[PDB]
$ cat data_30.txt   # compact mmCIF, C-alpha atoms
# COMPACT_ATOMS: atom_id res chain seq x y z
CA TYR A 1 0.00 0.00 0.00
CA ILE A 2 1.11 3.54 -1.08
CA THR A 3 0.30 7.16 -0.10
CA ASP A 4 0.95 10.64 -1.50
CA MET A 5 -1.72 12.50 0.40
CA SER A 6 -2.42 13.38 3.99
CA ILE A 7 -5.46 11.51 5.25
CA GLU A 8 -6.58 15.12 5.29
CA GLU A 9 -5.80 15.86 1.65
CA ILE A 10 -7.76 12.80 0.51
CA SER A 11 -10.76 13.53 2.70
CA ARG A 12 -10.94 17.16 1.73
CA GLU A 13 -14.31 18.18 0.22
CA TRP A 14 -13.71 19.89 -3.12
CA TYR A 15 -15.71 21.61 -5.84
CA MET A 16 -15.43 22.96 -9.43
CA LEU A 17 -16.18 26.22 -11.21
CA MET A 18 -16.80 24.35 -14.42
CA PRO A 19 -17.53 20.75 -13.60
CA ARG A 20 -16.68 18.11 -16.19
CA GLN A 21 -16.52 14.32 -15.81
CA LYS A 22 -15.93 11.07 -17.63
CA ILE A 23 -16.76 7.57 -16.45
CA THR A 24 -14.22 4.94 -17.51
CA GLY A 25 -13.28 1.41 -16.47
CA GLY A 26 -14.42 1.39 -12.86
CA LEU A 27 -13.26 4.96 -12.49
CA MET A 28 -14.89 8.32 -12.06
CA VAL A 29 -12.78 11.17 -13.40
CA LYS A 30 -13.77 14.74 -12.52
CA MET A 31 -11.91 17.96 -13.45
CA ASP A 32 -12.61 21.72 -13.40
CA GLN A 33 -12.48 23.37 -16.81
CA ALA A 34 -11.98 26.77 -15.21
CA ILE A 35 -8.30 26.14 -14.57
CA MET A 36 -5.68 27.32 -17.03
CA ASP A 37 -1.92 28.07 -17.24
CA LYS A 38 -1.17 26.42 -13.90
CA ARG A 39 1.05 23.65 -12.67
CA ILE A 40 -0.96 20.68 -11.57
CA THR A 41 0.48 18.08 -9.27
CA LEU A 42 -0.82 14.56 -9.12
CA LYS A 43 -1.05 12.58 -5.91
CA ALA A 44 -2.44 9.07 -5.61
CA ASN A 45 -3.15 6.89 -2.59
CA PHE A 46 -3.24 3.32 -3.86
CA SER A 47 -2.41 -0.31 -3.10
CA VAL A 48 0.17 -2.50 -4.76
CA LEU A 49 0.76 -6.21 -5.23
CA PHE A 50 4.10 -7.59 -6.38
CA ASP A 51 5.75 -4.29 -7.45
CA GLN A 52 2.81 -2.97 -9.44
CA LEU A 53 -0.41 -1.01 -8.95
CA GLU A 54 -3.22 -3.09 -7.42
CA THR A 55 -6.11 -0.76 -6.51
CA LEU A 56 -6.77 2.99 -6.67
CA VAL A 57 -8.22 4.85 -3.73
CA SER A 58 -7.99 8.42 -4.97
CA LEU A 59 -5.87 10.54 -7.24
CA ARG A 60 -6.15 14.25 -6.76
CA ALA A 61 -4.65 17.16 -8.58
CA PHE A 62 -3.25 20.14 -6.76
CA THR A 63 -2.09 23.51 -7.94
CA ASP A 64 0.88 25.44 -6.50
CA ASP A 65 -1.46 26.75 -3.80
CA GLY A 66 -2.45 23.22 -2.84
CA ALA A 67 -6.04 23.50 -4.11
CA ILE A 68 -7.59 20.34 -5.58
CA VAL A 69 -9.03 20.72 -9.09
CA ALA A 70 -9.56 17.14 -10.24
CA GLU A 71 -10.01 13.67 -8.75
CA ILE A 72 -9.99 10.10 -10.04
CA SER A 73 -11.90 7.92 -7.62
CA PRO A 74 -13.56 4.57 -8.27
CA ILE A 75 -17.25 4.42 -9.03
CA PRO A 76 -19.34 4.41 -5.84
CA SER A 77 -21.85 1.77 -6.90
CA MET A 78 -19.58 -0.15 -9.24
CA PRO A 79 -15.83 0.27 -8.41
CA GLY A 80 -14.21 -2.98 -9.57
CA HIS A 81 -11.46 -2.16 -12.08
CA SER A 82 -7.95 -2.90 -13.35
CA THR A 83 -4.87 -0.72 -13.40
CA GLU A 84 -4.91 -0.50 -17.15
CA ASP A 85 -8.19 1.36 -16.43
CA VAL A 86 -6.23 3.80 -14.39
CA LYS A 87 -3.50 4.69 -16.86
CA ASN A 88 -6.38 5.73 -19.11
CA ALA A 89 -8.32 7.75 -16.56
CA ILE A 90 -5.05 9.63 -16.26
CA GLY A 91 -4.27 10.06 -19.91
CA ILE A 92 -7.84 11.27 -20.14
CA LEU A 93 -7.49 13.77 -17.37
CA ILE A 94 -4.02 14.96 -18.21
CA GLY A 95 -5.29 15.34 -21.73
CA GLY A 96 -8.09 17.60 -20.55
CA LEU A 97 -5.89 19.76 -18.38
CA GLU A 98 -3.27 20.28 -21.07
CA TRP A 99 -6.03 21.59 -23.27
CA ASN A 100 -6.25 24.59 -20.99
CA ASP A 101 -2.50 25.09 -21.12
CA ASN A 102 -1.82 23.70 -17.69
CA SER A 103 1.45 21.84 -17.26
CA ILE A 104 1.45 18.62 -15.32
CA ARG A 105 3.74 16.95 -12.85
CA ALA A 106 3.12 13.58 -11.22
CA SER A 107 3.93 12.01 -7.87
CA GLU A 108 6.94 9.68 -7.94
CA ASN A 109 4.92 6.56 -7.17
CA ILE A 110 2.38 7.66 -9.78
CA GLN A 111 5.12 7.34 -12.40
CA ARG A 112 6.56 4.09 -11.10
CA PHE A 113 3.28 2.17 -11.22
CA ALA A 114 1.65 3.99 -14.14
CA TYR B 1 -6.54 12.19 -52.98
CA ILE B 2 -9.76 12.27 -50.88
CA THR B 3 -12.34 14.95 -50.04
CA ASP B 4 -15.16 14.59 -47.52
CA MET B 5 -15.56 18.29 -47.86
CA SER B 6 -17.19 20.36 -50.53
CA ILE B 7 -14.82 23.20 -51.40
CA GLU B 8 -17.29 25.58 -49.79
CA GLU B 9 -16.90 23.68 -46.55
CA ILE B 10 -13.10 23.52 -46.46
CA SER B 11 -12.78 27.12 -47.64
CA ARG B 12 -15.46 28.73 -45.48
CA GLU B 13 -14.30 30.69 -42.45
CA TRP B 14 -15.62 29.81 -38.98
CA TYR B 15 -15.61 31.01 -35.38
CA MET B 16 -15.53 30.10 -31.67
CA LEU B 17 -16.76 31.56 -28.39
CA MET B 18 -14.35 29.65 -26.18
CA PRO B 19 -11.51 28.96 -28.59
CA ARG B 20 -8.65 26.63 -27.66
CA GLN B 21 -5.88 25.28 -29.93
CA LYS B 22 -3.23 22.66 -29.14
CA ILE B 23 -0.18 21.92 -31.25
CA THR B 24 1.14 18.55 -32.43
CA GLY B 25 3.77 18.23 -35.13
CA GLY B 26 3.08 20.47 -38.11
CA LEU B 27 -0.63 20.44 -37.29
CA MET B 28 -2.82 22.99 -35.47
CA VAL B 29 -5.91 21.69 -33.70
CA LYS B 30 -8.31 24.42 -32.71
CA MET B 31 -11.64 23.75 -31.02
CA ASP B 32 -14.57 25.72 -29.63
CA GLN B 33 -14.76 25.02 -25.91
CA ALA B 34 -18.26 26.50 -25.84
CA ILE B 35 -19.94 23.46 -27.39
CA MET B 36 -21.69 20.92 -25.19
CA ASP B 37 -23.63 17.72 -25.90
CA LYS B 38 -23.80 18.06 -29.65
CA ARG B 39 -23.15 15.43 -32.25
CA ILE B 40 -20.02 16.21 -34.17
CA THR B 41 -19.08 14.78 -37.51
CA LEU B 42 -15.56 14.75 -38.83
CA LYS B 43 -15.10 15.36 -42.52
CA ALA B 44 -11.54 15.46 -43.87
CA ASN B 45 -9.98 16.44 -47.17
CA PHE B 46 -6.65 14.65 -47.50
CA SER B 47 -4.20 13.00 -49.88
CA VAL B 48 -3.82 9.24 -49.74
CA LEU B 49 -0.91 7.09 -50.84
CA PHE B 50 -1.31 3.37 -51.22
CA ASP B 51 -3.85 2.16 -48.70
CA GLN B 52 -2.84 4.68 -46.05
CA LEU B 53 -2.97 8.47 -45.52
CA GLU B 54 -0.34 10.95 -46.76
CA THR B 55 -1.12 14.64 -46.15
CA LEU B 56 -4.06 16.21 -44.32
CA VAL B 57 -5.19 19.29 -46.14
CA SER B 58 -7.74 19.92 -43.44
CA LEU B 59 -10.14 18.23 -41.15
CA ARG B 60 -13.09 20.16 -39.92
CA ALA B 61 -15.82 19.19 -37.48
CA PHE B 62 -19.45 20.10 -37.78
CA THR B 63 -22.54 19.96 -35.62
CA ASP B 64 -25.64 18.40 -37.16
CA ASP B 65 -26.06 22.12 -37.60
CA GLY B 66 -23.52 22.38 -40.43
CA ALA B 67 -21.47 24.87 -38.41
CA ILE B 68 -17.81 23.87 -38.02
CA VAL B 69 -16.65 23.82 -34.41
CA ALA B 70 -13.12 22.46 -34.79
CA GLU B 71 -10.33 22.27 -37.31
CA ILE B 72 -7.15 20.30 -37.69
CA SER B 73 -5.06 22.24 -40.18
CA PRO B 74 -1.41 22.26 -41.21
CA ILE B 75 0.62 25.04 -39.58
CA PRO B 76 1.69 27.57 -42.22
CA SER B 77 5.09 28.68 -40.76
CA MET B 78 6.36 25.14 -40.82
CA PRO B 79 3.91 23.27 -43.02
CA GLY B 80 5.29 19.68 -42.73
CA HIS B 81 3.41 17.30 -40.42
CA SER B 82 3.50 13.52 -40.44
CA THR B 83 1.11 10.61 -40.80
CA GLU B 84 1.48 9.93 -37.12
CA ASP B 85 1.03 13.61 -36.38
CA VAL B 86 -2.43 13.48 -37.88
CA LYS B 87 -3.33 10.40 -35.84
CA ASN B 88 -2.35 12.43 -32.80
CA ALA B 89 -4.20 15.62 -33.66
CA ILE B 90 -7.36 13.63 -34.12
CA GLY B 91 -7.12 11.70 -30.88
CA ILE B 92 -6.40 15.01 -29.17
CA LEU B 93 -9.49 16.58 -30.74
CA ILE B 94 -11.87 13.79 -29.99
CA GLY B 95 -10.65 13.93 -26.42
CA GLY B 96 -10.94 17.67 -26.01
CA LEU B 97 -14.41 17.61 -27.49
CA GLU B 98 -15.68 14.49 -25.69
CA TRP B 99 -15.07 16.33 -22.39
CA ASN B 100 -18.02 18.59 -23.12
CA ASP B 101 -20.21 15.48 -23.40
CA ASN B 102 -20.12 15.51 -27.19
CA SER B 103 -20.71 12.51 -29.38
CA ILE B 104 -18.56 12.05 -32.41
CA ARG B 105 -18.89 10.30 -35.71
CA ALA B 106 -16.16 10.07 -38.33
CA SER B 107 -16.37 10.00 -42.09
CA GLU B 108 -15.92 6.61 -43.73
CA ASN B 109 -12.75 7.91 -45.33
CA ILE B 110 -11.38 9.00 -41.98
CA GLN B 111 -12.15 5.64 -40.38
CA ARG B 112 -10.70 3.83 -43.39
CA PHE B 113 -7.40 5.69 -43.52
CA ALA B 114 -7.06 6.60 -39.86
$ encode --input "data_30.txt" --output "structure tokens"
Amino acid sequence: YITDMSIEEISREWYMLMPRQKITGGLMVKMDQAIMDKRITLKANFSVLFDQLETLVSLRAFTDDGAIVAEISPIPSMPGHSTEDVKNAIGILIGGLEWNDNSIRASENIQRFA
Amino acid sequence: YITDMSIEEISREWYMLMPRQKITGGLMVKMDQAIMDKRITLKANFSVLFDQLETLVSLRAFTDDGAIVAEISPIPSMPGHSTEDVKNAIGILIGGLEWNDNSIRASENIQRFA
């Protein structure tokens, strides 16, 4: 099991100026269209089996000022999913952010297991 | 050499309310951020060689409305783009559009050669 976020930072209620979402694999992917020209920093809490991602808890995206603008949590009702599902939820999100000229950096673990 | 687009279509000028344009290779994807939940159809005029694509002249995207909301055109300063470039511009455009809950359909010719 791995962690990039304070139990606080993962339990922090957050909201969007311009809500967007996309449901993939077993993964909900939300992200605020309002954000542009910022650095976004990706932090995932997740589990691992045999040196590889096993299950995602939450990935959240922070700005320089530590605000969260996008999350990638499992589906509430129907969460079962693989890790190949995750790499895509991320491509998806990252893709959306970079459309608004934001530049993206990812947690170290996030790059090891994805 | 293939043409989904009547000359009027590929020549006509067109506008956006929430413009956004990414770059990839020698190609310039612009899209109107202001469009939500519309069906978009991709028509592309392009040159083919053998049984695969050669040079995009342009790819525009239309609502059932006939209005063009996106365009993947070759950058004038450097004009050269690649086959793979085009594959990327398109994926990028789908993705950027599909965030606004838009549904896409591609011309036969596009699906055939890309």
$ closest_atom_pairs --input "data_30.txt" --of "chain B" --to "chain A" --cutoff "8 Å" --atoms "only C-alpha atoms" --output "tab-separated table"
residue	atom	partner	partner_atom	distance
B:20	CA	A:99	CA	7.2
B:21	CA	A:99	CA	7.6
B:22	CA	A:99	CA	6.6
B:92	CA	A:95	CA	7.5
B:95	CA	A:95	CA	7.3
B:96	CA	A:96	CA	6.2
B:99	CA	A:20	CA	6.6
B:100	CA	A:20	CA	7.1
$ closest_residue --input "data_30.txt" --among "A:3, A:109, A:55, A:41" --to "residue 81 (chain A)" --atoms "all atoms listed in the file"
A:55
$ atom_distance --input "data_30.txt" --atom1 "CA of residue 44 (chain A)" --atom2 "CA of residue 82 (chain A)"
15.3 Å
$ calpha_fit_and_write --input "data_30.txt" --fixed "chain A" --moving "chain B" --output "PDB file with C-alpha atoms, in the frame of the given file"
ATOM      1  CA  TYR B   1       0.005   0.133  -0.121  1.00  0.00           C
ATOM      2  CA  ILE B   2       1.075   3.704  -1.064  1.00  0.00           C
ATOM      3  CA  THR B   3      -0.081   7.197  -0.057  1.00  0.00           C
ATOM      4  CA  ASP B   4       1.068  10.449  -1.650  1.00  0.00           C
ATOM      5  CA  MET B   5      -1.767  12.030   0.202  1.00  0.00           C
ATOM      6  CA  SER B   6      -2.110  13.030   3.801  1.00  0.00           C
ATOM      7  CA  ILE B   7      -5.480  11.779   5.033  1.00  0.00           C
ATOM      8  CA  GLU B   8      -6.607  15.392   5.215  1.00  0.00           C
ATOM      9  CA  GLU B   9      -5.917  15.720   1.517  1.00  0.00           C
ATOM     10  CA  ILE B  10      -7.688  12.563   0.345  1.00  0.00           C
ATOM     11  CA  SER B  11     -10.611  13.160   2.702  1.00  0.00           C
ATOM     12  CA  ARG B  12     -11.108  16.887   2.157  1.00  0.00           C
ATOM     13  CA  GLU B  13     -13.996  17.947  -0.058  1.00  0.00           C
ATOM     14  CA  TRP B  14     -13.364  20.166  -3.097  1.00  0.00           C
ATOM     15  CA  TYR B  15     -15.168  22.128  -5.799  1.00  0.00           C
ATOM     16  CA  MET B  16     -15.259  23.282  -9.440  1.00  0.00           C
ATOM     17  CA  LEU B  17     -16.595  26.230 -11.422  1.00  0.00           C
ATOM     18  CA  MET B  18     -16.673  24.453 -14.765  1.00  0.00           C
ATOM     19  CA  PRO B  19     -16.973  20.835 -13.684  1.00  0.00           C
ATOM     20  CA  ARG B  20     -16.640  17.990 -16.188  1.00  0.00           C
ATOM     21  CA  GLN B  21     -16.382  14.239 -15.469  1.00  0.00           C
ATOM     22  CA  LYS B  22     -15.670  11.399 -17.905  1.00  0.00           C
ATOM     23  CA  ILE B  23     -16.098   7.715 -17.165  1.00  0.00           C
ATOM     24  CA  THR B  24     -13.664   4.859 -17.800  1.00  0.00           C
ATOM     25  CA  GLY B  25     -14.107   1.431 -16.263  1.00  0.00           C
ATOM     26  CA  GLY B  26     -14.991   1.589 -12.579  1.00  0.00           C
ATOM     27  CA  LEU B  27     -13.305   4.983 -12.306  1.00  0.00           C
ATOM     28  CA  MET B  28     -14.760   8.517 -12.318  1.00  0.00           C
ATOM     29  CA  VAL B  29     -12.523  11.322 -13.545  1.00  0.00           C
ATOM     30  CA  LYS B  30     -13.843  14.748 -12.700  1.00  0.00           C
ATOM     31  CA  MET B  31     -11.999  17.954 -13.545  1.00  0.00           C
ATOM     32  CA  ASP B  32     -12.505  21.699 -13.205  1.00  0.00           C
ATOM     33  CA  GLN B  33     -12.640  23.160 -16.699  1.00  0.00           C
ATOM     34  CA  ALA B  34     -12.162  26.634 -15.234  1.00  0.00           C
ATOM     35  CA  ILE B  35      -8.434  26.220 -14.602  1.00  0.00           C
ATOM     36  CA  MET B  36      -5.916  27.633 -17.054  1.00  0.00           C
ATOM     37  CA  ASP B  37      -2.109  27.727 -17.153  1.00  0.00           C
ATOM     38  CA  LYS B  38      -1.486  26.415 -13.675  1.00  0.00           C
ATOM     39  CA  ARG B  39       0.971  23.791 -12.590  1.00  0.00           C
ATOM     40  CA  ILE B  40      -0.815  20.695 -11.445  1.00  0.00           C
ATOM     41  CA  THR B  41       0.654  17.972  -9.320  1.00  0.00           C
ATOM     42  CA  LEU B  42      -0.778  14.502  -9.125  1.00  0.00           C
ATOM     43  CA  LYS B  43      -0.708  12.797  -5.765  1.00  0.00           C
ATOM     44  CA  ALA B  44      -2.262   9.330  -5.503  1.00  0.00           C
ATOM     45  CA  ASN B  45      -3.134   7.022  -2.640  1.00  0.00           C
ATOM     46  CA  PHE B  46      -3.210   3.461  -3.952  1.00  0.00           C
ATOM     47  CA  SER B  47      -2.517  -0.185  -3.166  1.00  0.00           C
ATOM     48  CA  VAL B  48       0.421  -1.857  -4.860  1.00  0.00           C
ATOM     49  CA  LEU B  49       1.025  -5.531  -5.521  1.00  0.00           C
ATOM     50  CA  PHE B  50       4.431  -6.764  -6.531  1.00  0.00           C
ATOM     51  CA  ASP B  51       6.154  -4.063  -8.531  1.00  0.00           C
ATOM     52  CA  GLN B  52       2.954  -2.829 -10.153  1.00  0.00           C
ATOM     53  CA  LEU B  53      -0.281  -1.069  -9.104  1.00  0.00           C
ATOM     54  CA  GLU B  54      -3.397  -2.826  -7.758  1.00  0.00           C
ATOM     55  CA  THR B  55      -6.243  -0.534  -6.643  1.00  0.00           C
ATOM     56  CA  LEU B  56      -6.505   3.254  -6.843  1.00  0.00           C
ATOM     57  CA  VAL B  57      -8.131   4.580  -3.733  1.00  0.00           C
ATOM     58  CA  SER B  58      -7.988   8.058  -5.171  1.00  0.00           C
ATOM     59  CA  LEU B  59      -5.881  10.366  -7.195  1.00  0.00           C
ATOM     60  CA  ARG B  60      -6.308  14.045  -6.723  1.00  0.00           C
ATOM     61  CA  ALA B  61      -4.675  16.959  -8.509  1.00  0.00           C
ATOM     62  CA  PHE B  62      -3.572  20.170  -6.905  1.00  0.00           C
ATOM     63  CA  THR B  63      -2.395  23.576  -8.022  1.00  0.00           C
ATOM     64  CA  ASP B  64       0.792  24.895  -6.436  1.00  0.00           C
ATOM     65  CA  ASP B  65      -2.028  26.459  -4.483  1.00  0.00           C
ATOM     66  CA  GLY B  66      -2.885  23.269  -2.580  1.00  0.00           C
ATOM     67  CA  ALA B  67      -6.437  23.369  -3.941  1.00  0.00           C
ATOM     68  CA  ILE B  68      -7.499  20.137  -5.667  1.00  0.00           C
ATOM     69  CA  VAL B  69      -8.826  20.683  -9.177  1.00  0.00           C
ATOM     70  CA  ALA B  70      -9.352  17.099 -10.331  1.00  0.00           C
ATOM     71  CA  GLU B  71     -10.024  13.664  -8.944  1.00  0.00           C
ATOM     72  CA  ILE B  72      -9.864  10.139 -10.241  1.00  0.00           C
ATOM     73  CA  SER B  73     -11.983   8.097  -7.860  1.00  0.00           C
ATOM     74  CA  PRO B  74     -13.585   4.660  -7.936  1.00  0.00           C
ATOM     75  CA  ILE B  75     -17.285   4.721  -8.835  1.00  0.00           C
ATOM     76  CA  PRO B  76     -19.361   3.680  -5.814  1.00  0.00           C
ATOM     77  CA  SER B  77     -22.302   1.909  -7.588  1.00  0.00           C
ATOM     78  CA  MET B  78     -19.945  -0.498  -9.261  1.00  0.00           C
ATOM     79  CA  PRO B  79     -16.675  -0.110  -7.391  1.00  0.00           C
ATOM     80  CA  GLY B  80     -14.409  -2.479  -9.422  1.00  0.00           C
ATOM     81  CA  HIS B  81     -11.984  -0.852 -11.874  1.00  0.00           C
ATOM     82  CA  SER B  82      -8.850  -2.360 -13.357  1.00  0.00           C
ATOM     83  CA  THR B  83      -5.141  -1.638 -13.528  1.00  0.00           C
ATOM     84  CA  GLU B  84      -5.562  -0.648 -17.131  1.00  0.00           C
ATOM     85  CA  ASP B  85      -8.592   1.422 -16.224  1.00  0.00           C
ATOM     86  CA  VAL B  86      -6.436   3.594 -14.017  1.00  0.00           C
ATOM     87  CA  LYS B  87      -3.851   4.035 -16.770  1.00  0.00           C
ATOM     88  CA  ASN B  88      -6.710   5.274 -18.918  1.00  0.00           C
ATOM     89  CA  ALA B  89      -8.282   7.640 -16.414  1.00  0.00           C
ATOM     90  CA  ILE B  90      -4.942   9.302 -15.929  1.00  0.00           C
ATOM     91  CA  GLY B  91      -4.152   9.742 -19.598  1.00  0.00           C
ATOM     92  CA  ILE B  92      -7.665  11.117 -20.006  1.00  0.00           C
ATOM     93  CA  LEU B  93      -7.105  13.595 -17.174  1.00  0.00           C
ATOM     94  CA  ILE B  94      -3.746  14.822 -18.278  1.00  0.00           C
ATOM     95  CA  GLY B  95      -5.253  15.374 -21.695  1.00  0.00           C
ATOM     96  CA  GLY B  96      -8.341  17.196 -20.517  1.00  0.00           C
ATOM     97  CA  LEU B  97      -6.243  19.411 -18.297  1.00  0.00           C
ATOM     98  CA  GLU B  98      -3.388  20.041 -20.754  1.00  0.00           C
ATOM     99  CA  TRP B  99      -5.961  21.622 -23.105  1.00  0.00           C
ATOM    100  CA  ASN B 100      -6.235  24.600 -20.780  1.00  0.00           C
ATOM    101  CA  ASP B 101      -2.474  25.115 -21.154  1.00  0.00           C
ATOM    102  CA  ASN B 102      -1.711  23.455 -17.833  1.00  0.00           C
ATOM    103  CA  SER B 103       1.582  21.888 -16.917  1.00  0.00           C
ATOM    104  CA  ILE B 104       1.568  18.664 -15.014  1.00  0.00           C
ATOM    105  CA  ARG B 105       3.926  16.885 -12.704  1.00  0.00           C
ATOM    106  CA  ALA B 106       3.341  13.443 -11.229  1.00  0.00           C
ATOM    107  CA  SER B 107       4.330  12.005  -7.891  1.00  0.00           C
ATOM    108  CA  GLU B 108       7.314   9.664  -7.894  1.00  0.00           C
ATOM    109  CA  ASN B 109       5.001   6.866  -6.838  1.00  0.00           C
ATOM    110  CA  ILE B 110       2.669   7.559  -9.732  1.00  0.00           C
ATOM    111  CA  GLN B 111       5.522   7.601 -12.242  1.00  0.00           C
ATOM    112  CA  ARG B 112       6.984   4.454 -10.694  1.00  0.00           C
ATOM    113  CA  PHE B 113       3.813   2.379 -10.748  1.00  0.00           C
ATOM    114  CA  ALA B 114       2.075   3.984 -13.705  1.00  0.00           C
TER     115      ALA B 114
END
$ residues_around --input "data_30.txt" --residues "residue 58 (chain B)" --least-positions-apart "3" --cutoff "8 Å" --atoms "all atoms listed in the file" --output "PyMOL selection string"
chain B and resi 10+44-46+71-74
$ atom_distance --input "data_30.txt" --atom1 "CA of residue 14 (chain A)" --atom2 "CA of residue 59 (chain A)"
12.9 Å
$ closest_residue --input "data_30.txt" --among "A:75, A:114, A:104, A:86" --to "residue 26 (chain A)" --atoms "only C-alpha atoms"
A:75
$ atom_distance --input "data_30.txt" --atom1 "CA of residue 87 (chain B)" --atom2 "CA of residue 23 (chain A)"
23.8 Å
$ closest_residue --input "data_30.txt" --among "B:25, B:51, B:57, B:30" --to "residue 7 (chain B)" --atoms "all atoms listed in the file"
B:57
$ closest_residue --input "data_30.txt" --among "B:5, B:29, B:17, B:56" --to "residue 42 (chain B)" --atoms "all atoms listed in the file"
B:5
$ residues_around --input "data_30.txt" --residues "residue 111 (chain A)" --least-positions-apart "4" --cutoff "12 Å" --atoms "only C-alpha atoms" --output "MDAnalysis selection string"
chainID A and resid 42:44 52:53 87 90 105:107
$ closest_residue --input "data_30.txt" --among "A:35, A:6, A:54, A:67" --to "residue 80 (chain A)" --atoms "all atoms listed in the file"
A:54
